[PDB]
Amino acid sequence: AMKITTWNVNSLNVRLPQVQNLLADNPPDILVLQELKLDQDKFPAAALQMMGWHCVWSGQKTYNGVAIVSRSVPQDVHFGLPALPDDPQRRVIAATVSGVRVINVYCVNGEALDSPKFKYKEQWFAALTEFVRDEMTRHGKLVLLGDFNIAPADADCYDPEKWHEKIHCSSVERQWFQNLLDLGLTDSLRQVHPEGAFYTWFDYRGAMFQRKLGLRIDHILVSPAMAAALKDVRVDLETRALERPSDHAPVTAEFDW
DNA sequence: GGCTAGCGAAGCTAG
């Protein structure tokens with residue numbers, strides 16, 4: 001049995017009490033975080049270590065930031081993407097926890113399709129694809145998870161016509177997501193729930209969460225051996241409903257052996 | 001768009 005959770009916290013300094021409540025009440029074996037928004041030396045390691053968790057993280061000031069939190073020691077920690085060595089943005093950290101290779105990604109948002117950040121998103125997803133491909137030659141049990149900032153299909157967007165060829169929903173972004181699936185990875189939540197709306201992000205503006213209008217952009221992609229052990233995937237909307245929430249909801253995948 | 005958070009002390013960027 002194994003329980004893994006991904007959560008974009010949108011600044012861990014703000015969301016730390018909710019992260020700790022998440023770890024005490026129904027704990028996962030592994031919790032990965034995105035957008036820590038704090039430098040390498042500002043991570044709250046002591047607060048999480050005192051509760052019995054091992055922490056590895058990659059941080060920078062103000063932006064980005066990724067972390068892996070587990071009860072067992074995370075081994076062979078890799079930082080970044082080898083095909084993109086000069087990129088200072090801290091978006092990728094990978095470690096092996098209990099025989100499972102965990103790759104935590106805070107994928108590039110892109111801002112808009114005509115934004116220079118969209119070409120950066122293009123290069124970045126190309127660099128990510130080569131990294132996961134090389135990693136998958138070594139680890140039969142592998143999980144690529146995090147904030148992909150890509151809604152895979154129209155069932156993952158509350159208004160597909162309004163979002164036609166818009167950021168997160170464009171057909172080229174959906175090809176990049178498909179390029180990751182073509183490595184042998186499974187959209188774990190669509191294997192459990194082939195149909196229905198399972199949005200993970202709700203815009204802060206216009207009370208979009210109360211209207212239940214959002215996107216599914218936080219995913220858990222698993223290798224064939226992990227897919228055969230998959231039993232459930234859920235989106236935790238209770239946490240999204242808390243006072244002063246993150247705009248993302250946590251996603252938890254459960255495996256058995 | 002019409003929040004939120006960071007930086008820093010005011011509006012900007014970024015999400």
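All values below were derived from every heavy atom in this structure, side-chain atoms included, with hydrogens, water molecules and symmetry-related copies excluded. Numbers restart at 1 for each chain; the letters A, B, ... are given by sequence-line order, proteins then strands.
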Checklist entry - What distance, rounded to whole Å, do you find between the two P atoms, one in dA14(B) and one in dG8(B)? => result 15 Å
Next on the checklist: Students often get this wrong, so: under 4.0 angstrom with heavy atoms, is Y106(A) touching a base, only sugar-phosphate, or nothing?
Outcome noted: sugar-phosphate
Checklist entry - Taking the P atom of each, how far is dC7(B) from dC3(B), in whole Å? => result 23 Å
Checklist entry - After noting the C-alpha distance and the side-chain angles of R205(A) and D247(A), does the key distance pass the salt bridge (charged side-chain N to carboxylate O under 4.0 Å, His left out) rule? => result CA-CA 10 Å; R205(A) 294 163 294 179; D247(A) 53 348; over 6 Å; no
Item to check | Rounded distance (Å) that lies between atom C1' of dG15(B) and atom CG of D218(A) | outcome: 13 Å
Checklist entry - Separation of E243(A) atom CD from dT4(B) atom P, in whole Å? => result 11 Å
Checklist outcome for this item: Winner on side-chain proximity to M208(A), out of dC7(B), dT13(B), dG1(B), is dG1(B)
Checklist entry - Expressed in whole Å, how much space separates the P atoms belonging to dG11(B) and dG15(B)? => result 23 Å
Item to check | Closest contact, heavy atoms only, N8(A) versus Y106(A) | outcome: ND2-CE1, 3.9 Å
Checklist entry - Quick one: do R190(A) and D156(A) make a salt bridge, cutoff under 4.0 Å? => result yes
Next on the checklist: Whether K117(A) contacts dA14(B) is assessed here as follows: a side-chain N or O lying under 4.0 Å from the phosphate OP1 or OP2. Is that the case?
Outcome noted: yes
Item to check | Closest nucleotide among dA5(B), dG15(B), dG1(B) to the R91(A) side chain | outcome: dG15(B)
Checklist entry - Over how many whole Å does the gap from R211(A) atom CZ to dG2(B) atom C1' extend? => result 13 Å
Checklist entry - Rounded to the Å, how far apart are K61(A) NZ and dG8(B) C1'? => result 14 Å
Checklist entry - To the nearest Å, how far apart are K121(A) NZ and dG15(B) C1'? => result 12 Å
Next on the checklist: On the nucleotide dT4(B), are OP1 or OP2 found under 4.0 Å from the side-chain N or O atoms that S11(A) carries?
Outcome noted: no
Item to check | For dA10(B), pucker side given by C1'-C2'-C3'-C4' sign | outcome: north
Checklist outcome for this item: When rounded to whole Å, the NE2 to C1' distance for the pair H248(A) and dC3(B) reads 14 Å
Checklist entry - Given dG15(B), is OP1 or OP2 found less than 4.0 Å from the side-chain N or O atoms of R205(A)? => result no
Next on the checklist: What's the closest nucleotide to the side chain of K37(A) if the choices are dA14(B), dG6(B), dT4(B)?
Outcome noted: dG6(B)
Next on the checklist: For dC3(B) and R244(A) - does any side-chain N or O of the residue sit under 4.0 Å from the phosphate oxygens OP1/OP2?
Outcome noted: no
Next on the checklist: Without decimals, in angstroms, what is the distance between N13(A) CG and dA5(B) P?
Outcome noted: 12 Å
Next on the checklist: Can you classify the ring geometry of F148(A) versus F177(A) as parallel (below 30°), tilted (30 to 60°) or perpendicular (above 60°)?
Outcome noted: perpendicular
Next on the checklist: Quick check: on DNA chain B, is the nucleotide nearest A207(A) upstream (toward 5') of the one nearest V108(A), or the reverse? Name the residue that is more 5'.
Outcome noted: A207(A)
Item to check | Euclidean distance for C1', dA9(B) against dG2(B) (whole angstrom) | outcome: 25 Å
Checklist entry - Does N10(A) or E111(A) map to a spot on DNA chain B nearer the 5' end, using the closest nucleotide for each? => result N10(A)
Checklist entry - Just wondering, do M136(A) and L144(A) contact through their side chains at under 4.5 Å, heavy atoms? => result no
Checklist entry - To the nearest Å, how far apart are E35(A) CD and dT4(B) P? => result 16 Å
Item to check | CA sep, side-chain torsions, deciding dist, call: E130(A), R133(A), salt bridge (charged side-chain N to carboxylate O under 4.0 Å, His left out) | outcome: CA-CA 5 Å; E130(A) 290 320 290; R133(A) 182 202 316 277; 2.9 Å; yes
